[PDB]
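Right, one structure below, let's go through it.
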Amino acid sequence: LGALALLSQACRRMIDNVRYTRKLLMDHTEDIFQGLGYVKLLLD
Amino acid sequence: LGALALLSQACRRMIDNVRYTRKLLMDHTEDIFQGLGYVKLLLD
Amino acid sequence: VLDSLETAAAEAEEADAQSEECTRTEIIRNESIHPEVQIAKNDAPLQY
Amino acid sequence: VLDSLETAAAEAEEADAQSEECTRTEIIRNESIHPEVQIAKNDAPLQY
Amino acid sequence: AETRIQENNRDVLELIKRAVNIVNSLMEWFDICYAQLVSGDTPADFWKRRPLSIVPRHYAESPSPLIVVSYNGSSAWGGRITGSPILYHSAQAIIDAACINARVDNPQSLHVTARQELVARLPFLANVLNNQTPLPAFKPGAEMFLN
């Protein structure tokens, strides 16, 4: 059961890493959108 | 040994798919950067 | 798929342990005791 | 870890196969035997 | 690129479904009836049977998209009847690479090799490097203050 538990833990951590990467990408895109909006406001 | 070979092939295919997805993401980010640079040049 | 493989491995190991303990119990016993039933003289009873 | 698990599974498989073969070979031997009789036929008894 | 991504995703889904399965543990009558009932045709009905194309281009001056309709039965701009339509490509990557080669946005202050490559790739851009018909900057809307 140790190998199965290790595999389950690896799957859980890779899922968590994928979710964290997706959240980071969403935050980066939101920051880019906010910067573009600020640039547009500065040149309005 | 057939099941082990199939598992190894599945692992290799999933690694290749992950690498292809990473390369596609890098290409997309590079294209976005080039487009932003072209937009900046057009408004220079 | 990983969970299904884990459950299959668990059941396979459980079956292997059951077979091992059954064989160990058979070894401890002097003779292989098996159920018998037959209504006659001292003949060979049937095996279940 | 997966490679280690598969090697452990293979070694356990061959170990239990060897154990099953050993138990099957050991079950064959019975060594019951019967005591002396009152001389089979009329010239040769059944001794040890 | 989007079509390639979609087909790759559909292939991945198909192979996942196959692995799961392996291891577990036609308007002819409608047109006739419409012709019989309505008994009238308009140009905005023949193109309804085929997918259309919308190319909106809005602006902050007025909240109204600039809807553009393109014919689907002809090999025009935006039509998809035989294959890949016009994409207007192969004219930006070279310019971006030339601009990023020396980290200078202005092509006038680039190397001779970059200028030669730009001239060869873009025949219409050779008339700017020779400095013909001088004009102050590039102001297309000069008629107003000129007059």
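Each chain in the structure tokens gets a letter, A, B, ..., in the order shown, and its residues are numbered from 1; ligands are numbered from 1 in order too.
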Go through chain C residue by residue and, counting only C-alpha atoms, keep those with an atom at most 12 Å from chain A; for each kept residue give the shortest atom pair and its distance in Å to one decimal, ordered by chain and increasing number, as JSON lines.
```
{"residue": "C:1", "atom": "CA", "partner": "A:8", "partner_atom": "CA", "distance": 10.8}
{"residue": "C:2", "atom": "CA", "partner": "A:8", "partner_atom": "CA", "distance": 7.5}
{"residue": "C:3", "atom": "CA", "partner": "A:8", "partner_atom": "CA", "distance": 7.8}
{"residue": "C:4", "atom": "CA", "partner": "A:4", "partner_atom": "CA", "distance": 10.3}
{"residue": "C:5", "atom": "CA", "partner": "A:4", "partner_atom": "CA", "distance": 8.4}
{"residue": "C:6", "atom": "CA", "partner": "A:4", "partner_atom": "CA", "distance": 5.7}
{"residue": "C:7", "atom": "CA", "partner": "A:4", "partner_atom": "CA", "distance": 9.0}
{"residue": "C:8", "atom": "CA", "partner": "A:4", "partner_atom": "CA", "distance": 10.8}
{"residue": "C:9", "atom": "CA", "partner": "A:1", "partner_atom": "CA", "distance": 8.5}
{"residue": "C:10", "atom": "CA", "partner": "A:1", "partner_atom": "CA", "distance": 7.4}
{"residue": "C:11", "atom": "CA", "partner": "A:1", "partner_atom": "CA", "distance": 11.1}
{"residue": "C:12", "atom": "CA", "partner": "A:1", "partner_atom": "CA", "distance": 11.9}
{"residue": "C:13", "atom": "CA", "partner": "A:1", "partner_atom": "CA", "distance": 9.9}
{"residue": "C:14", "atom": "CA", "partner": "A:1", "partner_atom": "CA", "distance": 11.5}
```
Take the residues just selected and output them with C-alpha atoms as an mmCIF file, in the first residue's frame.
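So the final result, stored in again_6.cif, reads:
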```cif
data_model
loop_
_atom_site.group_PDB
_atom_site.id
_atom_site.type_symbol
_atom_site.label_atom_id
_atom_site.label_comp_id
_atom_site.auth_asym_id
_atom_site.auth_seq_id
_atom_site.Cartn_x
_atom_site.Cartn_y
_atom_site.Cartn_z
ATOM 1 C CA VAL C 1 -6.832 4.574 -13.296
ATOM 2 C CA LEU C 2 -4.342 4.781 -10.421
ATOM 3 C CA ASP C 3 -7.108 4.096 -7.889
ATOM 4 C CA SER C 4 -8.331 1.099 -9.900
ATOM 5 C CA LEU C 5 -4.776 -0.249 -10.119
ATOM 6 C CA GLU C 6 -4.364 0.237 -6.362
ATOM 7 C CA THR C 7 -7.590 -1.649 -5.623
ATOM 8 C CA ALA C 8 -6.609 -4.448 -8.017
ATOM 9 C CA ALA C 9 -3.206 -4.745 -6.333
ATOM 10 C CA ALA C 10 -4.844 -4.758 -2.895
ATOM 11 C CA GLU C 11 -7.264 -7.538 -3.839
ATOM 12 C CA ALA C 12 -4.492 -9.545 -5.527
ATOM 13 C CA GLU C 13 -2.308 -9.317 -2.414
ATOM 14 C CA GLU C 14 -5.297 -10.246 -0.239
#
```
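Near region 18-35 of chain B, within a cut-off of 10 Å and counting only C-alpha atoms, sit the residues residues 12, 13, 14, 39, 40 and 41 of chain B; 5, 92, 93, 95, 96, 97 and 100 of chain E, with same-chain residues fewer than 4 positions away left out.
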What does the file look like for those residues with N, CA and C atoms, as a PDB file, in the first residue's frame?
```pdb
ATOM      1  N   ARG B  12       5.400   7.839 -21.483  1.00  0.00           N
ATOM      2  CA  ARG B  12       6.155   8.559 -22.505  1.00  0.00           C
ATOM      3  C   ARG B  12       5.249   9.477 -23.316  1.00  0.00           C
ATOM      4  N   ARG B  13       4.062   8.989 -23.687  1.00  0.00           N
ATOM      5  CA  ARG B  13       3.129   9.800 -24.461  1.00  0.00           C
ATOM      6  C   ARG B  13       2.646  11.005 -23.665  1.00  0.00           C
ATOM      7  N   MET B  14       2.370  10.823 -22.371  1.00  0.00           N
ATOM      8  CA  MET B  14       1.904  11.943 -21.560  1.00  0.00           C
ATOM      9  C   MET B  14       3.019  12.960 -21.332  1.00  0.00           C
ATOM     10  N   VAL B  39       2.516  46.693 -31.840  1.00  0.00           N
ATOM     11  CA  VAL B  39       1.551  47.732 -31.490  1.00  0.00           C
ATOM     12  C   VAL B  39       2.268  48.959 -30.939  1.00  0.00           C
ATOM     13  N   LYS B  40       3.264  48.744 -30.076  1.00  0.00           N
ATOM     14  CA  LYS B  40       4.037  49.861 -29.540  1.00  0.00           C
ATOM     15  C   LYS B  40       4.776  50.602 -30.647  1.00  0.00           C
ATOM     16  N   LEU B  41       5.344  49.862 -31.604  1.00  0.00           N
ATOM     17  CA  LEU B  41       6.020  50.497 -32.731  1.00  0.00           C
ATOM     18  C   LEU B  41       5.048  51.320 -33.567  1.00  0.00           C
TER      19      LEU B  41
ATOM     20  N   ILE E   5      -5.341  23.048 -32.485  1.00  0.00           N
ATOM     21  CA  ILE E   5      -5.513  22.812 -31.054  1.00  0.00           C
ATOM     22  C   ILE E   5      -6.789  22.017 -30.795  1.00  0.00           C
ATOM     23  N   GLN E  92       4.618  40.142 -40.873  1.00  0.00           N
ATOM     24  CA  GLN E  92       4.826  40.726 -39.553  1.00  0.00           C
ATOM     25  C   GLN E  92       5.986  40.100 -38.797  1.00  0.00           C
ATOM     26  N   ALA E  93       6.202  38.791 -38.950  1.00  0.00           N
ATOM     27  CA  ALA E  93       7.289  38.130 -38.236  1.00  0.00           C
ATOM     28  C   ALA E  93       8.646  38.671 -38.667  1.00  0.00           C
ATOM     29  N   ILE E  95       9.327  41.666 -39.939  1.00  0.00           N
ATOM     30  CA  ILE E  95       9.478  43.029 -39.437  1.00  0.00           C
ATOM     31  C   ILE E  95       9.792  43.017 -37.946  1.00  0.00           C
ATOM     32  N   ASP E  96       9.098  42.166 -37.187  1.00  0.00           N
ATOM     33  CA  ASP E  96       9.357  42.074 -35.753  1.00  0.00           C
ATOM     34  C   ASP E  96      10.774  41.586 -35.476  1.00  0.00           C
ATOM     35  N   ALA E  97      11.240  40.592 -36.237  1.00  0.00           N
ATOM     36  CA  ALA E  97      12.601  40.095 -36.058  1.00  0.00           C
ATOM     37  C   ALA E  97      13.628  41.167 -36.396  1.00  0.00           C
ATOM     38  N   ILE E 100      13.652  43.668 -33.521  1.00  0.00           N
ATOM     39  CA  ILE E 100      14.222  43.142 -32.281  1.00  0.00           C
ATOM     40  C   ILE E 100      15.678  42.730 -32.427  1.00  0.00           C
TER      41      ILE E 100
END
```
Determine, using only C-alpha atoms, which residues of chain E have any atom at most 12 Å from an atom of chain B, and tabulate each with its shortest atom pair and distance in Å to one decimal place, rows ordered by chain and then rising number, as CSV.
```
residue,atom,partner,partner_atom,distance
E:1,CA,B:24,CA,10.0
E:2,CA,B:28,CA,11.5
E:4,CA,B:24,CA,11.2
E:5,CA,B:24,CA,9.4
E:8,CA,B:17,CA,10.0
E:9,CA,B:17,CA,10.7
E:11,CA,B:17,CA,11.7
E:12,CA,B:17,CA,9.4
E:15,CA,B:10,CA,10.9
E:16,CA,B:10,CA,10.9
E:19,CA,B:10,CA,10.2
E:23,CA,B:3,CA,11.1
E:91,CA,B:38,CA,11.7
E:92,CA,B:38,CA,8.2
E:93,CA,B:34,CA,8.1
E:94,CA,B:34,CA,10.8
E:95,CA,B:38,CA,8.6
E:96,CA,B:34,CA,6.5
E:97,CA,B:34,CA,8.7
E:98,CA,B:38,CA,11.3
E:99,CA,B:38,CA,8.9
E:100,CA,B:37,CA,8.9
E:103,CA,B:37,CA,10.6
E:104,CA,B:41,CA,9.6
E:105,CA,B:41,CA,6.0
E:106,CA,B:41,CA,7.8
E:107,CA,B:41,CA,10.2
```
Residues of the last selection are to be written out with N, CA, C and O atoms, as a compact mmCIF listing (two decimals), in the first residue's frame.
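Final file, part.txt:
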```txt
# COMPACT_ATOMS: atom_id res chain seq x y z
N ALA E 1 -4.34 27.66 -36.29
CA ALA E 1 -3.80 27.25 -35.01
C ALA E 1 -4.90 26.78 -34.07
O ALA E 1 -4.75 25.77 -33.37
N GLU E 2 -6.03 27.50 -34.04
CA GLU E 2 -7.15 27.08 -33.21
C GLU E 2 -7.72 25.75 -33.67
O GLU E 2 -8.08 24.90 -32.85
N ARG E 4 -6.01 23.37 -35.21
CA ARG E 4 -5.05 22.35 -34.81
C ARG E 4 -5.18 22.03 -33.33
O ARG E 4 -5.13 20.85 -32.94
N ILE E 5 -5.34 23.05 -32.48
CA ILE E 5 -5.51 22.81 -31.05
C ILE E 5 -6.79 22.02 -30.79
O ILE E 5 -6.80 21.08 -29.98
N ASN E 8 -6.29 18.39 -31.88
CA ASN E 8 -5.44 17.71 -30.91
C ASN E 8 -6.22 17.37 -29.64
O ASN E 8 -6.09 16.27 -29.10
N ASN E 9 -7.04 18.31 -29.17
CA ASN E 9 -7.85 18.05 -27.98
C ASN E 9 -8.86 16.93 -28.24
O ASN E 9 -9.10 16.09 -27.37
N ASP E 11 -8.54 14.48 -30.41
CA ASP E 11 -7.79 13.23 -30.47
C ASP E 11 -7.43 12.75 -29.07
O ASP E 11 -7.50 11.54 -28.78
N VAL E 12 -7.04 13.67 -28.19
CA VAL E 12 -6.74 13.30 -26.80
C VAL E 12 -7.98 12.74 -26.12
O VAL E 12 -7.91 11.71 -25.44
N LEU E 15 -8.68 9.21 -27.47
CA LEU E 15 -7.78 8.19 -26.93
C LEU E 15 -8.08 7.92 -25.46
O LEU E 15 -7.98 6.78 -25.00
N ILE E 16 -8.46 8.96 -24.70
CA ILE E 16 -8.85 8.75 -23.31
C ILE E 16 -10.09 7.88 -23.22
O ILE E 16 -10.18 6.96 -22.39
N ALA E 19 -9.11 4.30 -24.02
CA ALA E 19 -8.43 3.68 -22.88
C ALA E 19 -9.41 3.33 -21.77
O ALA E 19 -9.29 2.27 -21.14
N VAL E 23 -9.86 -0.50 -20.51
CA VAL E 23 -9.57 -0.80 -19.11
C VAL E 23 -10.49 0.04 -18.24
O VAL E 23 -10.45 1.28 -18.30
N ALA E 91 4.02 38.76 -43.15
CA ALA E 91 4.39 40.16 -43.32
C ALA E 91 4.63 40.87 -41.99
O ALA E 91 4.82 42.09 -41.98
N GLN E 92 4.62 40.14 -40.87
CA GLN E 92 4.83 40.73 -39.55
C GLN E 92 5.99 40.10 -38.80
O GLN E 92 6.69 40.80 -38.07
N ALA E 93 6.20 38.79 -38.95
CA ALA E 93 7.29 38.13 -38.24
C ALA E 93 8.65 38.67 -38.67
O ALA E 93 9.53 38.89 -37.83
N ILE E 94 8.83 38.89 -39.97
CA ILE E 94 10.11 39.41 -40.46
C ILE E 94 10.36 40.82 -39.93
O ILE E 94 11.48 41.15 -39.52
N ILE E 95 9.33 41.67 -39.94
CA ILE E 95 9.48 43.03 -39.44
C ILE E 95 9.79 43.02 -37.95
O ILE E 95 10.65 43.77 -37.47
N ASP E 96 9.10 42.17 -37.19
CA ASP E 96 9.36 42.07 -35.75
C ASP E 96 10.77 41.59 -35.48
O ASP E 96 11.45 42.10 -34.58
N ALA E 97 11.24 40.59 -36.24
CA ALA E 97 12.60 40.09 -36.06
C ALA E 97 13.63 41.17 -36.40
O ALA E 97 14.64 41.31 -35.70
N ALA E 98 13.39 41.92 -37.47
CA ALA E 98 14.31 43.00 -37.83
C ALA E 98 14.34 44.08 -36.75
O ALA E 98 15.41 44.61 -36.42
N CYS E 99 13.18 44.41 -36.18
CA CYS E 99 13.13 45.43 -35.14
C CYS E 99 13.81 44.95 -33.86
O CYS E 99 14.48 45.74 -33.18
N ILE E 100 13.65 43.67 -33.52
CA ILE E 100 14.22 43.14 -32.28
C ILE E 100 15.68 42.73 -32.43
O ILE E 100 16.34 42.48 -31.41
N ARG E 103 17.26 45.85 -31.21
CA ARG E 103 16.48 46.47 -30.13
C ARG E 103 16.12 47.92 -30.45
O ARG E 103 16.02 48.76 -29.56
N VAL E 104 15.92 48.23 -31.74
CA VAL E 104 15.55 49.56 -32.19
C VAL E 104 14.25 49.44 -32.96
O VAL E 104 14.16 48.66 -33.92
N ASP E 105 13.24 50.21 -32.55
CA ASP E 105 11.94 50.14 -33.21
C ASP E 105 11.99 50.81 -34.58
O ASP E 105 11.36 50.33 -35.53
N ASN E 106 12.72 51.91 -34.71
CA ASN E 106 12.78 52.64 -35.97
C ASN E 106 13.64 51.89 -36.98
O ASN E 106 14.82 51.62 -36.69
N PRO E 107 13.12 51.54 -38.15
CA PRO E 107 13.94 50.85 -39.15
C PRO E 107 14.94 51.74 -39.87
O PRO E 107 15.83 51.22 -40.55
```
Which residues, written as a list in words, have at least one atom at most 8 Å from region 54-58 of chain E, with only C-alpha atoms counted and residues fewer than 5 positions away on the same chain left out?
residues 63, 64, 65, 66, 67, 68, 69 and 70 of chain E
Residue list for chain D near chain C as a list in words, 8 Å, only C-alpha atoms
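Written out as asked, the residues are residues 16, 23, 27 and 30 of chain D.
Cα RMSD of chain C against chain D, computed after a least-squares overlay on all Cα atoms in order: 9.7 Å.
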Residue list for chain E near chain C as a list in words, 9 Å, only C-alpha atoms
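Written out as asked, the residues are residues 20, 23, 24 and 25 of chain E.
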So the first atom is CA of residue 42 (chain E) and the second is CA of residue 29 (chain E); what is the distance between them in Å, to one decimal place?
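We find that CA of residue 42 (chain E) and CA of residue 29 (chain E) lie 19.3 Å from each other.
CA of residue 51 (chain E) to CA of residue 71 (chain E) spans 9.4 Å [interatomic distance, one decimal].
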Report, in Å to a single decimal, how far apart CA of residue 33 (chain E) and CA of residue 50 (chain E) are.
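Distance reported for this atom pair: 19.2 Å.
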Using DSSP assignments from the backbone, pull out every residue in chain D that falls under helix (DSSP H, G or I) and give it to me as a count of residues only.
27
